[PDB]
C-alpha cells in the first residue's frame, strides 16, 4: 500500500551523519521518512530486517509502516517509513516543557516497557528473538500524544535466541553514540561474544535517559534545566577519550541534585539510575526489574 513514490516530503525535521528524517504526507496523513545516508547503509539493512523479517511491533517501539528503495537524483536512496509523532523526540520535548510526577513516571515506564520488549525473547514457532538496542539515547526516543514514549532506530540492534544459542551482531561499521557509551565499551572489556553484554549497555544508556527526564520533573517549585548526560565534563560531540576520562578514569556519574532528596519519587528514581550505572556490568538491573520497580514507584 504505502510506497515511497506516493509520499510527499513536506519538511525536514532532522539531519545528520545518519542521513535525514522528513515529515511526509501519504494519502493526507502525516508520516515520518528517514532517508539513510550513504555511509549508514548497513543500518538501513539491519533495521529493515527487524521490522520486516522479525516483524517487530510494540506500542513503545516506533511504529513501522514500510521499507522502500527509491531512485532519485541518479542515486538509489534507502527509505524507512514509520508513524509520525508531532511532539518530536524526548530530547526536543524535554527542552520545551517540564513534567509533573505522573507525566515523568509515564515517560520512563513507557521506555522501560519498550526496552523490556526488545530484551525479552518470545519462544516457539515464529517467536521473536531477544534484541539489544545498543544506541539508546533521548534523540532516539519519541513522545506520543498520550504522554507515552517509543524507542526508535534499530540500525545497531543485535539478536539472540536461547534454543539455538546463536548471537547475531551483524557487521555494521556504525559505532554507538559516544556520550552514552558504557564503561565496558570505553575500555574494551565488554564480552562481545556474550549477548548479556549488549543488554547491559542498554541498561547503562537507559539510566542516563532516566537522569535526563527526572531533572525535568518539578518538586516543591524546583526543576533543573534540560542538560545532556555529562554536560559539565565533556564538550559538544565528545571524543572517545573524552568519555573514557570521565566515565572510566574518574569514575564519574551524572550528579543527583540535592532537591531530589526532598521528593519521594525523585529519590526512588535516583536510586534506580545508580543501579543502572555500576562499573561492573553484571551488577546492573535488568530491563524487567526496572519496569517492575517503575511500576511500583509513586
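Numbering follows the first chain given and starts at 1. Take the two forms, find the largest set of C-alpha atoms that superpose within 1.5 Å, and that set is the rigid core.
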Task: RMS Cα shift after core superposition in 6 other deposited structures of this protein, winner of 48-56 and 247-255 - done: 48-56
Open item on the list: Given a rigid core fit, name the stretch, 265-273 or 23-31, whose C-alphas are on average farther from the form shown here in 6 other deposited structures of this protein.
Closed with: 23-31
Task: At least a third of other PDB entries omit residue 228 - done: no
Open item on the list: Please check residue 168 against the other PDB entries of this protein that were compared: is it missing in at least a third of those that model both its neighbours?
Closed with: yes
Open item on the list: So, looking at the entry's B-factor column for Cα atoms, which has the higher mean, 86-94 or 158-166?
Closed with: 158-166
- [ ] With reference to the PDB entry, specify whether the mean Cα temperature factor is higher for 43-51 or for 241-249.
- [x] 241-249
Task: Candidate residues 119, 145, 134, 137, the one whose C-alpha B factor the record puts highest - done: 145
- [ ] Please rank the C-alpha B-factors of the chain's modelled residues and tell me whether residue 226 sits in the lowest, middle or highest third.
- [x] middle
- [ ] Pull the Cα B-factor of residue 286 out of the PDB entry and bin it into the chain's lowest, middle or highest third.
- [x] lowest
Open item on the list: What third of the chain does residue 37 rank in for C-alpha temperature factor, lowest, middle or highest?
Closed with: highest
Open item on the list: Sorting by Cα B-factor within the chain, modelled residues only, which third would residue 130 end up in: lowest, middle or highest?
Closed with: middle
Open item on the list: Looking at the temperature factor on the CA atom of residue 172, which third of the chain's modelled residues does it land in?
Closed with: highest
